[PDB]
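J.: Here you go, one structure.
Every read-out reported here was derived from the displayed coordinates using simple, explicitly stated rules and does not represent laboratory data. Neighbour counts run over all protein chains shown; Cβ positions are idealised from the backbone, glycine included.
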Amino acid sequence: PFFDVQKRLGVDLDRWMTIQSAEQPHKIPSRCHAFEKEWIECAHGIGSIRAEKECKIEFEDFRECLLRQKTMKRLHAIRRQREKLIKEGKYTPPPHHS
Amino acid sequence: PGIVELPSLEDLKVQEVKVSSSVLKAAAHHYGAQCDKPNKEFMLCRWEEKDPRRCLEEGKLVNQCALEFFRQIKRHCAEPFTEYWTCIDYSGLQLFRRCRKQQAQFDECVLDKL
Amino acid sequence: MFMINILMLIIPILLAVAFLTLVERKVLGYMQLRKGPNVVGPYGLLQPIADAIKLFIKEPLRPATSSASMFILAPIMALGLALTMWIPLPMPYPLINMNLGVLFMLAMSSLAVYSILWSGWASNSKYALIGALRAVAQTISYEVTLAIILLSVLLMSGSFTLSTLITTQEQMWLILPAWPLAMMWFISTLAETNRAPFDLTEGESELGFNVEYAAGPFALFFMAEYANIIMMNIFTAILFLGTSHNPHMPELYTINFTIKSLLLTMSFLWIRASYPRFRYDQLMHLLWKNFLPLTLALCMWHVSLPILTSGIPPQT
Amino acid sequence: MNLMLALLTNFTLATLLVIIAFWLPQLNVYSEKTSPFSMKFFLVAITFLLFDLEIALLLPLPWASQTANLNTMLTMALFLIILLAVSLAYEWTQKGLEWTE
Amino acid sequence: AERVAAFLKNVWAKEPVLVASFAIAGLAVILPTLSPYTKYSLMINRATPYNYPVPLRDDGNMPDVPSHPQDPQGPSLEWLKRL
Amino acid sequence: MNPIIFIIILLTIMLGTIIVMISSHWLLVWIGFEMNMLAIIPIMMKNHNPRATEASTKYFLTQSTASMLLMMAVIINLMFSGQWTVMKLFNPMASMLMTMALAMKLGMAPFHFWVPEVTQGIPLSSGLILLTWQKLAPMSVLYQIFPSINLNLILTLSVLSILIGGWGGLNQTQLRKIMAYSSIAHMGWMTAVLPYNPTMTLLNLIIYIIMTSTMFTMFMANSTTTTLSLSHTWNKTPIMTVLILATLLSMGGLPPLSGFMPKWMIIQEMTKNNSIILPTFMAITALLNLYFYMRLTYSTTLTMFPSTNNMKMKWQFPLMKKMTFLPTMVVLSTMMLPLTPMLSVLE
Amino acid sequence: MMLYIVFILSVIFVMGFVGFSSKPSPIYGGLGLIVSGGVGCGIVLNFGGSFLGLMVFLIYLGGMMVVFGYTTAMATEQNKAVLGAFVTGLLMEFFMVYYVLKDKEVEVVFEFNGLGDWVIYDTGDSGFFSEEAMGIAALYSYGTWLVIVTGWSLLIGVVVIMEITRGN
Amino acid sequence: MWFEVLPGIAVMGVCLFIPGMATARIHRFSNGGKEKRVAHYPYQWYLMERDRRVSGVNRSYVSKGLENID
Amino acid sequence: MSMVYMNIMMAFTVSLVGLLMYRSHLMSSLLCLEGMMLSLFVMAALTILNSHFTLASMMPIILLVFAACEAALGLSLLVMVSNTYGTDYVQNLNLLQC
Ligand SMILES: CCCCCCCCCCCCCCCCCC(=O)OC[C@H](COP(=O)([O-])OCC[N+](C)(C)C)OC(=O)CCCCCCCCCCCCCCCCC
Ligand SMILES: CCCCCCCCCCCCCCCCCC(=O)OC[C@H](COP(=O)(O)OCCN)OC(=O)CCCCCCCCCCCCCCCCC
């Protein structure tokens, strides 16, 4: 904050909803609780200049759990390959996939 | 990156407990007071390992106790129990308070026989 | 079978609305020392059927509306929403078992104002617009008390599920612990449905918005309006006059629940015959200066009363 | 799917009655017939909107009573309702709820 | 003593609705503080088990944690059965 | 307006700006802005005439649009990082909208066309709030997200503001429009040094507020809103013309007055980063500001313009305006250069 | 075709926006914004948000939009540009739909995918409550600061609007 | 007399009884003589889907008891 | 991102362009302003619900409450503009050029 009144007074005005790995009612976790925790604990205390380089591995995993971009590319590839072999008589789906 | 390791289709096979949710919900209270030890070991495994592949052997033990638990009901208290979960199964919400009369018979039967 | 279920709900609703017109004309007649329809069929049992055929073979006006597309949208929306407000009603088993059914009925009920507003535009008459604005201001004003009163009652129930209100009243009617709220809920339902003593629209000598409609289109507004009168009185009985439900004999619930729903619908006809009409500025003051102060105060009381007695209902 | 069919049936039925209502009498052939902004109304709508929004913050009260912080929850619940009553008092005393010119 | 009676008896005659509204709202703010059962509301809310009671690995020095649900150690809901 | 309601509305303008400065959550930052815009419109409509109504409308549309863009940046930032904390944004597209939303609120060029017109259509006291207080909230957010702001975007908005503020001011006779263009010109300096040393952004902001508040206070004392009406001051309050001369010279950056300190320190923090072309171009373009400031000094203090006969009736009454903190503000606007090293208190 | 209900609703969502964005008469513009609102709730409902979806009907459609239509009928005095904009909007929507349905990958500022929205849903849930409802109910236990600022803003809205509309 | 108003009430009363009576009977017909299952929360839905797999026939309302356990 | 986000993200763009190109009526633009908040409401709710960000489930409601309060303030200005020039045309609001 521009003014750190919350830290000076020790009052939690709006820090309870900043991150999704904080305390949630009934201990309900977010889908990416583990990834957010890992990135936060990696980058804690070392400033954002260093964290952009020394915690890049954790951050990419966190962003993969958020938008799932890499996974959808992989599933998309498999679907195309199966579709290509499907319209050539070269593939046979098993009974439990149909 | 790496390759996700998965157990084999023969490492997951086990004798299932094929009884409807009404049967489970009728025996839930007695079930939890008899199979607590194998149950809690499996749950401690899951909340600590955080990986279902690490607690498969504990999982099979949970299944075996449930199968053995229901066989004892199958031997001594079958008609009282079959008449208990039939009333539970009738309500859309599967309410306990609608079947107090049938619960007492099943509760008393297990007390004497087991 | 679900499609059969929908038709088993829609057609009986329309038939009930058809014969409510007869019953209204005869109860009003006997309270006025006369009879009402007793010539068209035995005891006027064919009067509703004659009225329906007559309207649907009478030429409609359809004036030079500014749009001619709102003129056809307004009755579709009114009748379409009126039938939709019945699908979550437990009688005793809902057609659609919603988790937030009580909130669904508020949401759909607040959309019925558009048919009042759109028909005002379509008429193309400047004066007919003024009548539509007064009706709209009445409806939105009195659904402030519907929302707060409903919230106060649900604090003793624990959920927005409509079938949970049946469980809540398994030992005693909610009319007993919450009769002050029931009074202001009952009057708030009259104002919502433009019923006497709150019918300024139909109250000639001051204005209605559906004046340019005749024949079939007029009957569509009429049918929707009366289906809402039955629906709101069914809602009231569920809310404040809970009927005990025996899972083995569900018909027992339906008979008792129907009798209550009829007695509350006849109360609407009873109140029409007994009182004069409110002035526009006077029904607004009845809401913003009398009901709202009490509704807000009772809401505070009902948020705290369960806590200080250790009587908070279960979430599920 | 069930809720989708229910909505489709009700509005489809209403449309049918409307169109056959505008056409059934037109199967008949009748001879062709031939031939100010108000401020108080606006303030009612705006007062309803601000009151309606405050109701949105009160709807989750039944679930809010299930918490383990009833002292905090009951303090804010009575704060919102008290503030809603303060708005009513301000309009009442400032002649907002009047219909006389 | 006489000023208040004159004031109260006048609003009660001219504005009975407002007099009722403030009395009801005033009780909603006061009684919870003085009510002896407000503490049981929190205990009931804390007793409701939405989540699973994850067990604790045994180290040997935990005499207050039961080894089985039916052991006498641990929190008891006896007070609730009698309330 | 009732006096009590006037205090309540003002405290809500302050509360909105304070919420922005004490919040670690983007939602509360957005709420802070919304509470600020809601409270400031009534003080712009207070005189109840068509021009005020038009000014309040042009302000609402501009600030409403800016707030929607800001909230779009927050949501995009939530999708790509899964958090709400008020810090560097984690998506370049979020940064652009966030940087452009704040630029619209500030009034930087080319999102500047409303500042001359809104400031002209509202009273002097409302303009003082608009040009000084309303600039604190957007600058607080820029102070915090500057590590991720696009350099070419922030420096491009800064250069246009300096130019457009300069040329726009030359063709003005209305005092309210002259300050508006003066406000656009000084914004460019604050955002030009932001990537390099945010401390000098605050110093230039603090000095600008003090100087701008002094000018509006002196205009309000004599109820002057046009260049000509200001030229009668020498015949009514001679002292007030000497104070206007000193402040106008200060705002132009002429040493040894206070207004030279920020221009001095900003040029220092940019040459350390091997930025030589930009500070020179910025400093030379600022001579446009000094010109139309000097024009007011010729028609106010350094020459005696024609007077009117009825002026003699004014000599018999005193000044009953409040003129709050005017003696203290005028001294801080002129005699603070020897205390330049005190800027370290802002670090 | 029922597995792509969310995408179908989103397509109707956009078409409504092109409706009132082209700015026909205010009467029709508000009509198009009601359709988009209803479709907007439909999308939110299918993602698990029931309270949020219904809050759109009660507060947005049955609230604000009624005030918009109410104010239009009383202060609005009941072209090529409209048609040109409307046709331009539909064409861009068609091409965006056409490409994302052909190669199932489109890059416009962001990298969008075309597999289907269902592929990102969570695969595990056995709670005895609604996670959405629990969060909203936390407004009273966790959001003390939020309640105060929101309530004060609503109270100031009443004061400010009466000041603006007095006219004297 | 006043009792000549009743016949209209009976018809209106019967029409409000059919929707309630029909839904109760149709549910039992379609759910093998039991009430339709109520699934408001995810846990109840999980059990119902599990019952679908345990029935053999892909129907949630066909209950398998101890006779299905070895 | 995903397929649904494209249309929600493209609906915000349409409303933004609609708000930046006035035709004649002031009421028309306010609708484009309330269309923008509807798209932001849906886009945020999709993100929060999908990620099981429990405590953020209240954020979309706060977005709706403030955006409607702002809309009310917008309509009030429109009314006061119409009571002066007899219509809500933006071309009338051109006194401040000089
Ligand atoms: C221990 C804690 C206890 C806490 C709770 C204590 C509660 C104590 C009692 C509080 C008062 C009870 C509230 C009653 C409602 C008062 C509303 C009100 O505003 O009254 C004044 C209002 C108007 O008062 P007024 O017009 O005479 O004057 C108001 C004040 N002055 C004089 C300044 C203007 O009365 C009305 O509502 C008018 C009624 C309109 C016509 C309605 C027809 C009635 C037909 C009979 C229906 C019977 C009910 C059916 C219910 C069936 C339900 C299933
Ligand atoms: C600690 C947490 C709670 C904190 C709550 C604090 C906020 C309270 C919010 C209340 C809602 C806002 C209402 C405020 C307006 C009060 C009424 C008013 O505006 O005054 C108008 C009235 C006009 O006077 P006039 O009409 O000329 O003559 C007759 C008047 N009786 O002038 C008057 O004479 C009215 C007199 C003043 C009204 C006082 C109301 C006091 C209410 C408290 C009662 C509590 C009692 C509870 C105990 C009950 C026990 C049975």
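J.: Hey, quick one: spin label on F:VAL345, modelled 7 Å out along Cα-Cβ, who in region F:194-224 has an amide N within reach, i.e. under 14 Å?
T.: Flagged as within label range: F:203, F:206-207.
J.: Turning to a different aspect of this structure: Counting other beta carbons within 10 Å of each residue's own, what order do G:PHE57, F:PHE260 fall into, fewest first? Can you show the working numbers first?
T.: Values: G:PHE57 22, F:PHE260 19.
Final ranking by Cβ density, sparse to dense: F:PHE260, G:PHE57.
J.: Take the cross-link list B:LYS113/H:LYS34; A:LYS56/F:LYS272; B:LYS25/B:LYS101 and give me the ones stretching past 20 Å between alpha-carbons. Can you show the working numbers first?
T.: Values: B:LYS113/H:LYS34 32 Å; A:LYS56/F:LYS272 31 Å; B:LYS25/B:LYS101 16 Å.
Pairs exceeding 20 Å: B:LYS113/H:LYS34; A:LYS56/F:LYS272.
J.: Taking 7 Å along the Cα-to-C-beta vector as the label spot, tell me the D:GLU32-B:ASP36 distance in nanometres, rounded to one decimal.
T.: A separation of 9.2 nm, rounded to one decimal place.
J.: Moving on. Can you work out the Karplus-derived ³J(HN,Hα) for every residue in region C:287-300? Use 6.51 cos²θ - 1.76 cosθ + 1.60 with θ = phi - 60°, whole Hz, and x for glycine or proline.
T.: Coupling constants for region C:287-300: 9, 7, 10, 10, 6, 4, x, 6, 4, 5, 5, 5, 5, 4 Hz.
J.: Going by C-beta contacts inside 10 Å, put H:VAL57, H:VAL5, G:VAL14 in order with the fewest on the left.
T.: Sorted ascending by nearby Cβ count, the order is H:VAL57, H:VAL5, G:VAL14.
J.: What is the local net charge at G:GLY53, summed over the other residues whose Cβ is closer than 15 Å to its Cβ (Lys, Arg +1; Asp, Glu -1)? The partial results should precede the final answer.
T.: Details: positive: none; negative: G:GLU131, G:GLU132.
Net local charge, G:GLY53 excluded: -2.
J.: Mind listing which trypsin sites (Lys or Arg not before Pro) in region F:208-274 are in a DSSP loop and have 13 or fewer other Cβ atoms within 10 Å?
T.: Details: sites: F:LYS236, F:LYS263, F:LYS272; in loops: F:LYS236, F:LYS272.
Counting only loop positions with at most 13 other Cβ atoms within 10 Å, the trypsin sites (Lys or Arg not before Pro) in region F:208-274 are F:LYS272.
J.: At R0 = 45 Å, how high is the FRET efficiency between A:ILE78 and F:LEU153 if r is their beta carbon distance? Nearest 0.05 is fine. Intermediate results must be reported in sequence, preceding the final value.
T.: Working: r = 41 Å, r/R0 = 0.92.
With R0 = 45 Å, the Cβ-Cβ based efficiency is 0.65.
J.: To continue, here is another question. Give the peptides I:49-60, D:21-32 in descending order of average Cβ contacts within 10 Å, highest first. Before the final figure, lay out the partial values.
T.: Values: I:49-60: 24.3, D:21-32: 11.3.
Going from most to least packed, we get I:49-60, D:21-32.
J.: Mind sorting I:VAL42, C:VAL153 by how few other Cβ atoms lie within 10 Å of their own Cβ, fewest first? All intermediate terms of the calculation are to be shown ahead of the outcome.
T.: On the way: I:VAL42 31, C:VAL153 20.
Fewest-to-most ranking of I:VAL42, C:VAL153: C:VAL153, I:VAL42.
J.: Sticking with this one: Using Cα centres only, tell me the gap between region F:116-145 and region B:13-88 in whole Å.
T.: Computed from Cα coordinates, the inter-centre distance equals 69 Å.
J.: If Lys and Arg each add +1 and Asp and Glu each add -1, what is the summed charge of the other residues whose beta carbon sits under 13 Å from the beta carbon of I:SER76? Intermediate values should be presented prior to the final figure.
T.: On the way: positive: G:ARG166; negative: G:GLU163, I:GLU70, I:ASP88.
Its environment carries a net charge of -2.
J.: Which links in B:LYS50/G:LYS104; F:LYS58/F:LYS135; A:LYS27/E:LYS81 stretch past 23 Å when you go from one Cα to the other?
T.: Working: B:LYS50/G:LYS104 35 Å; F:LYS58/F:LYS135 18 Å; A:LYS27/E:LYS81 27 Å.
Violating the 23 Å Cα-Cα cut-off are B:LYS50/G:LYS104; A:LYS27/E:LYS81.
J.: Relative to the longest principal Cα axis of chain A, at what angle does helix A:69-86 sit, 0 to 90 degrees, rounded to 10?
T.: Helix A:69-86 sits at roughly 10 degrees to that axis.
J.: Roughly how many nanometres apart are two label points built 7 Å out from the Cα toward the Cβ at E:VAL19 and A:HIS26?
T.: If labels sit at E:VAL19 and A:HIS26, their model points lie 4.7 nm apart.
J.: How shielded is C:104-116 by partner chains, expressed as the average number of their Cβ atoms within 10 Å of its Cβ atoms? Don't skip to the answer; put the middle values down first.
T.: Values: counts 5, 0, 6, 10, 4, 2, 8, 8, 1, 5, 8, 0, 0.
Mean partner shielding for this stretch: 4.
J.: Continuing with this model, one more query. Reachable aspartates and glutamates from B:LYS60, Cα under 15 Å, same-chain residues fewer than 8 places away excluded?
T.: Result set, ordered by chain and number: B:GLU10, B:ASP11, B:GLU16, B:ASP36, B:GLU41, B:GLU68.
J.: Rounded, prolate or oblate: which fits region G:1-155, taking a ≥ b ≥ c as square roots of the Cα gyration tensor eigenvalues, rounded meaning a/c under 1.5, else prolate when a/b beats b/c?
T.: On the way: a/c = 2.40, a/b = 1.09, b/c = 2.20.
Since a/c reaches 1.5 but b/c is at least a/b, the shape of region G:1-155 is classed as oblate.
J.: For every other residue with a beta carbon closer than 12 angstrom to the beta carbon of C:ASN38, add +1 if it is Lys or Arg and -1 if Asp or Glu, then tell me the sum.
T.: Value of the local net charge: +3.
J.: Something else now. Under the rule a/c < 1.5 gives rounded, and otherwise a/b versus b/c splits prolate from oblate, where does region D:7-93 land using the Cα gyration tensor?
T.: Numbers: a/c = 8.95, a/b = 2.03, b/c = 4.40.
Taking the square roots of the gyration eigenvalues as a ≥ b ≥ c, region D:7-93 is oblate.
J.: I need the shape label for chain A. Rule: rounded when a/c is under 1.5, else prolate if a/b > b/c, else oblate, with a, b, c from the alpha carbon gyration tensor. Write down the numbers at each step before the final one.
T.: Working: a/c = 4.57, a/b = 2.50, b/c = 1.83.
The shape class here is prolate.
J.: So for the pair F:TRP315, A:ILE86, with labels modelled 7 Å out along Cα→Cβ, what separation do we get in nm?
T.: Result: 10.0 nm between the two label points.
J.: Using a Gaussian network model of chain F with C-alpha springs under 10 Å, which one of F:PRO279, F:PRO92, F:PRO318 is most mobile by mean-square fluctuation?
T.: Top of the fluctuation ranking is F:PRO318.
J.: Go ahead and collect, in residue order, the members of region I:57-98 whose backbone nitrogen is under 19 Å from a label point 7 Å along the Cα-Cβ direction of G:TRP152.
T.: I:62-63, I:65-67, I:69-70
J.: Over all residues in G:32-45, what is the mean tally of Cβ atoms on other chains that come within 10 Å of each residue's Cβ?
T.: Across the residues of G:32-45, the mean count of other-chain Cβ atoms within 10 Å is 4.
J.: Take every residue in peptide C:51-61, count the Cβ atoms of other chains within 10 Å of its Cβ, and give the average of those counts. Before the final figure, lay out the partial values.
T.: Details: counts 0, 0, 0, 0, 2, 5, 4, 5, 6, 6, 1.
Rounded to a whole number, the mean comes out at 3.
J.: Please identify the trypsin sites (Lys or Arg not before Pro) of region C:16-56 that satisfy two criteria: DSSP loop assignment and at most 13 other Cβ atoms within 10 Å. Which are they? Intermediate values should be presented prior to the final figure.
T.: On the way: sites: C:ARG25, C:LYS26, C:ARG34, C:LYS35, C:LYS54; in loops: C:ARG34, C:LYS35.
Here the sparse-neighbourhood loop sites are C:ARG34.
J.: While we're here: Using a 10 angstrom cutoff on alpha carbons, build the Gaussian network for chain F and name the most mobile of F:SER67, F:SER158, F:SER275.
T.: Result: F:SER275 has the largest fluctuation of those listed.
J.: Please identify, among H:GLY13, H:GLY33, H:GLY56, the residue showing maximal mean-square fluctuation in a Gaussian network model of chain H using a 10 angstrom Cα cutoff.
T.: Judging by the Gaussian network model, the answer is H:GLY13.
J.: Another question, if that's okay. Rounded to the nearest 0.05, what FRET efficiency do B:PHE69 and A:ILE40 have when you use their Cβ-Cβ distance and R0 = 35 Å?
T.: Details: r = 44 Å, r/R0 = 1.25.
FRET efficiency, B:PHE69 to A:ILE40: 0.20.
J.: For C:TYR275 and C:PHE56, what does the FRET efficiency come to when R0 = 35 Å and r is the distance between their Cβ atoms, rounded to the nearest 0.05? If you can, show how the numbers build up before the last one.
T.: Working: r = 34 Å, r/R0 = 0.97.
For C:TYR275 and C:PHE56, the calculated efficiency is 0.55.
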